[PDB]
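Undergrad: Next up is a structure, given as structure tokens.
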Amino acid sequence: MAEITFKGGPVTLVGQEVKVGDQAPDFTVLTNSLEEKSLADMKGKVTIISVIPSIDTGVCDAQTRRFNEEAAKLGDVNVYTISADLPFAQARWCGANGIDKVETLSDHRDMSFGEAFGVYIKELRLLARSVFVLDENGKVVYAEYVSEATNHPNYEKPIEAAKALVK
């Protein structure tokens with residue numbers, strides 16, 4: 001189970017607990033440029049996806065920044081950071097600053113990724129704090145939901161999962 005806490009309050013997820021091997025549905029997301037992109041546009045290469053409620057939340061610094069920076073060096077992998085619409089959350093791309101390969105995404109506009117990966121928080125209506133790695137067909141090769149959204153996962157584990165493919 002992929003239930004989480006946010007600020008020390010438990011909160012439920014809508015479409016729950018994707019896991020390794022479960023495959024990814026194909027939904028749509030928006031870019032930082034507000035263009036429609038789908039999972040099918042990511043397919044054809046190994047892909048890495050961080051998910052955060054906002055970037056103002058400081059989780060930028062502690063892990064997402066670093067994880068993305070490492071991810072971008074494993075190889076030519078796609079790297080993404082999905083955020084809420086929330087104004088605090090796309091301006092500044094703490095994950096996508098200095099690593100031009102990273103792009104910030106705005107799923108909350110359509111919630112399609114939110115529902116499809118079950119990271120839409122039922123109680124809070126935010127993107128969950130989560131991290132995923134996908135094979136070239138879009139098959140999830142890592143998934144994690146951080147037990148507290150204001151906290152961060154061990155980021156080596158998705159890096160190893162990505163290494164295991166890229167190599």
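In the structure tokens, chains take letters A, B, ... by order of appearance, with residues numbered from 1 within each chain and ligands from 1 in the order shown.
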Would you list, as a PyMOL selection string, the residues of region 7-164 of chain A that end up in strand (DSSP E) under DSSP run on this structure's backbone?
TA: chain A and resi 9-11+28-30+36-38+47-51+78-83+102-106+130-134+140-145
Undergrad: For those residues, write N, CA and C atoms to a file as a short mmCIF file (atom, residue, chain, number, x, y, z; two decimals), in the first residue's frame.
TA:
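Saved file selection26.cif follows:
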```
data_model
loop_
_atom_site.label_atom_id
_atom_site.label_comp_id
_atom_site.auth_asym_id
_atom_site.auth_seq_id
_atom_site.Cartn_x
_atom_site.Cartn_y
_atom_site.Cartn_z
N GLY A 9 -0.21 14.37 8.58
CA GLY A 9 -1.58 13.89 8.46
C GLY A 9 -1.62 12.81 7.37
N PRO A 10 -2.11 11.59 7.66
CA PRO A 10 -2.28 10.56 6.63
C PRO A 10 -3.24 11.05 5.55
N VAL A 11 -3.02 10.69 4.29
CA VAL A 11 -3.91 10.99 3.17
C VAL A 11 -3.89 9.84 2.16
N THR A 28 -1.86 11.47 -20.71
CA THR A 28 -1.40 12.74 -21.19
C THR A 28 -0.98 13.55 -19.95
N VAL A 29 -0.07 14.48 -20.16
CA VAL A 29 0.50 15.40 -19.19
C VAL A 29 0.71 16.68 -19.97
N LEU A 30 0.99 17.77 -19.26
CA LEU A 30 1.36 19.02 -19.89
C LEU A 30 2.81 19.30 -19.57
N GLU A 36 0.67 19.48 -24.76
CA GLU A 36 0.27 18.12 -24.46
C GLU A 36 1.41 17.17 -24.83
N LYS A 37 1.73 16.28 -23.91
CA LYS A 37 2.70 15.21 -24.09
C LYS A 37 2.05 13.97 -23.51
N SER A 38 2.33 12.80 -24.03
CA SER A 38 1.80 11.56 -23.48
C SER A 38 2.96 10.67 -23.07
N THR A 47 13.23 6.07 -19.33
CA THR A 47 12.63 7.29 -18.81
C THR A 47 12.66 7.21 -17.28
N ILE A 48 12.82 8.35 -16.62
CA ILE A 48 12.87 8.50 -15.17
C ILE A 48 11.92 9.66 -14.86
N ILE A 49 11.11 9.53 -13.81
CA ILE A 49 10.05 10.48 -13.50
C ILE A 49 10.11 10.69 -11.99
N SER A 50 10.37 11.92 -11.54
CA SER A 50 10.12 12.35 -10.17
C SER A 50 8.73 12.99 -10.12
N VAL A 51 8.05 12.91 -8.98
CA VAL A 51 6.75 13.53 -8.78
C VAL A 51 6.81 14.23 -7.43
N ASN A 78 15.48 9.93 -20.72
CA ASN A 78 14.53 11.00 -20.49
C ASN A 78 14.43 11.17 -18.97
N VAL A 79 14.28 12.40 -18.50
CA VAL A 79 14.15 12.73 -17.08
C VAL A 79 13.05 13.78 -17.00
N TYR A 80 12.12 13.62 -16.06
CA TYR A 80 10.99 14.51 -15.90
C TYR A 80 10.75 14.76 -14.42
N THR A 81 10.14 15.89 -14.11
CA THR A 81 9.66 16.20 -12.77
C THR A 81 8.21 16.65 -12.97
N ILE A 82 7.24 15.92 -12.45
CA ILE A 82 5.82 16.26 -12.55
C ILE A 82 5.48 17.05 -11.29
N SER A 83 4.67 18.08 -11.45
CA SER A 83 4.29 18.96 -10.37
C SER A 83 2.79 19.22 -10.44
N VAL A 102 16.33 17.71 -18.30
CA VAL A 102 15.15 17.55 -17.47
C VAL A 102 14.10 18.54 -17.98
N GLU A 103 12.84 18.14 -17.90
CA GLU A 103 11.71 19.01 -18.19
C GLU A 103 10.74 18.91 -17.02
N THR A 104 10.11 20.02 -16.63
CA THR A 104 9.07 20.08 -15.61
C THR A 104 7.70 19.90 -16.28
N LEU A 105 6.79 19.15 -15.66
CA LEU A 105 5.50 18.77 -16.22
C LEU A 105 4.38 19.21 -15.24
N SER A 106 3.15 19.35 -15.72
CA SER A 106 2.00 19.95 -15.02
C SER A 106 0.82 19.02 -15.20
N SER A 130 6.47 10.96 -5.18
CA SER A 130 6.73 9.60 -5.66
C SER A 130 7.91 9.65 -6.64
N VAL A 131 8.41 8.50 -7.10
CA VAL A 131 9.50 8.42 -8.07
C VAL A 131 9.37 7.08 -8.81
N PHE A 132 9.62 7.06 -10.12
CA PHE A 132 9.36 5.93 -11.01
C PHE A 132 10.49 5.86 -12.03
N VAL A 133 10.72 4.68 -12.59
CA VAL A 133 11.65 4.47 -13.69
C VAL A 133 10.93 3.54 -14.66
N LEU A 134 11.07 3.80 -15.95
CA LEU A 134 10.32 3.13 -17.00
C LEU A 134 11.32 2.65 -18.04
N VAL A 140 6.95 0.15 -16.07
CA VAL A 140 7.54 0.51 -14.79
C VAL A 140 8.53 -0.57 -14.35
N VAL A 141 9.74 -0.10 -14.06
CA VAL A 141 10.95 -0.83 -13.69
C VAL A 141 11.37 -0.35 -12.27
N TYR A 142 10.76 0.73 -11.77
CA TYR A 142 10.78 1.12 -10.37
C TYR A 142 9.50 1.92 -10.10
N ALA A 143 9.01 1.90 -8.86
CA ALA A 143 7.95 2.75 -8.37
C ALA A 143 8.18 2.86 -6.86
N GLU A 144 8.00 4.03 -6.27
CA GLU A 144 7.96 4.22 -4.81
C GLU A 144 7.04 5.41 -4.50
N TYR A 145 6.37 5.36 -3.35
CA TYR A 145 5.53 6.42 -2.80
C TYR A 145 6.06 6.73 -1.42
#
```
Undergrad: Using DSSP on the backbone coordinates, identify the residues of chain A assigned to alpha helix (DSSP H); present them as a ChimeraX atom specification.
TA: /A:39-42,59,65-74,112-116,156-166
Undergrad: Closest to residue 95 (chain A) among A:149, A:14, A:52, A:24, using only C-alpha atoms?
TA: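 Comparing A:149, A:14, A:52, A:24 against residue 95 (chain A), the winner is A:52.
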Undergrad: With a distance cut-off of 10 Å and only C-alpha atoms, select the neighbouring residues of residue 124 (chain A), excluding the residue or stretch itself and same-chain residues fewer than 3 positions from it, and output the selection as a list in words.
TA: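 Non-adjacent residues within range: residues 6, 10, 11, 12, 13, 53, 120, 121, 127 and 128 of chain A.
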Undergrad: So that I have them on file, write out the residues from the current selection with N, CA, C and O atoms, as a JSON list (two decimals), in the first residue's frame.
TA:
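Saved result, result-v1.json, follows:
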```json
[["chain", "number", "residue", "atom", "x", "y", "z"],
["A", 6, "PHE", "N", 1.11, 13.60, 4.69],
["A", 6, "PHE", "CA", 1.48, 14.92, 4.22],
["A", 6, "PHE", "C", 1.43, 15.77, 5.47],
["A", 6, "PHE", "O", 0.39, 15.82, 6.12],
["A", 10, "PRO", "N", -2.11, 11.59, 7.66],
["A", 10, "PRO", "CA", -2.28, 10.56, 6.63],
["A", 10, "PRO", "C", -3.24, 11.05, 5.55],
["A", 10, "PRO", "O", -4.22, 11.73, 5.88],
["A", 11, "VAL", "N", -3.02, 10.69, 4.29],
["A", 11, "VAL", "CA", -3.91, 10.99, 3.17],
["A", 11, "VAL", "C", -3.89, 9.84, 2.16],
["A", 11, "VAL", "O", -2.86, 9.20, 1.93],
["A", 12, "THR", "N", -5.04, 9.58, 1.54],
["A", 12, "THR", "CA", -5.28, 8.43, 0.68],
["A", 12, "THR", "C", -4.93, 8.77, -0.77],
["A", 12, "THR", "O", -4.95, 9.95, -1.15],
["A", 13, "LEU", "N", -4.68, 7.78, -1.63],
["A", 13, "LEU", "CA", -4.41, 7.94, -3.07],
["A", 13, "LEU", "C", -5.59, 7.36, -3.87],
["A", 13, "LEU", "O", -6.32, 6.51, -3.37],
["A", 53, "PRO", "N", 4.56, 17.50, -4.97],
["A", 53, "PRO", "CA", 3.37, 18.33, -4.87],
["A", 53, "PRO", "C", 3.63, 19.73, -5.42],
["A", 53, "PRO", "O", 2.83, 20.27, -6.18],
["A", 120, "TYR", "N", -2.52, 10.96, -7.67],
["A", 120, "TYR", "CA", -3.54, 11.91, -7.28],
["A", 120, "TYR", "C", -3.95, 11.56, -5.85],
["A", 120, "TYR", "O", -4.44, 10.45, -5.60],
["A", 121, "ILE", "N", -3.69, 12.47, -4.92],
["A", 121, "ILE", "CA", -4.07, 12.35, -3.53],
["A", 121, "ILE", "C", -5.56, 12.61, -3.45],
["A", 121, "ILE", "O", -6.02, 13.69, -3.80],
["A", 127, "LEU", "N", -0.53, 16.14, -6.32],
["A", 127, "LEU", "CA", 0.35, 15.06, -6.72],
["A", 127, "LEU", "C", 1.02, 14.57, -5.44],
["A", 127, "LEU", "O", 1.47, 15.36, -4.61],
["A", 128, "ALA", "N", 1.09, 13.25, -5.31],
["A", 128, "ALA", "CA", 1.92, 12.62, -4.30],
["A", 128, "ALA", "C", 3.39, 12.83, -4.63],
["A", 128, "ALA", "O", 3.80, 12.99, -5.77]]
```
Undergrad: So, with only C-alpha atoms as the atoms that count, which of A:18, A:99, A:74, A:55 lies closest to residue 160 (chain A)?
TA: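 Ranked by minimum distance to residue 160 (chain A), first place goes to A:74.
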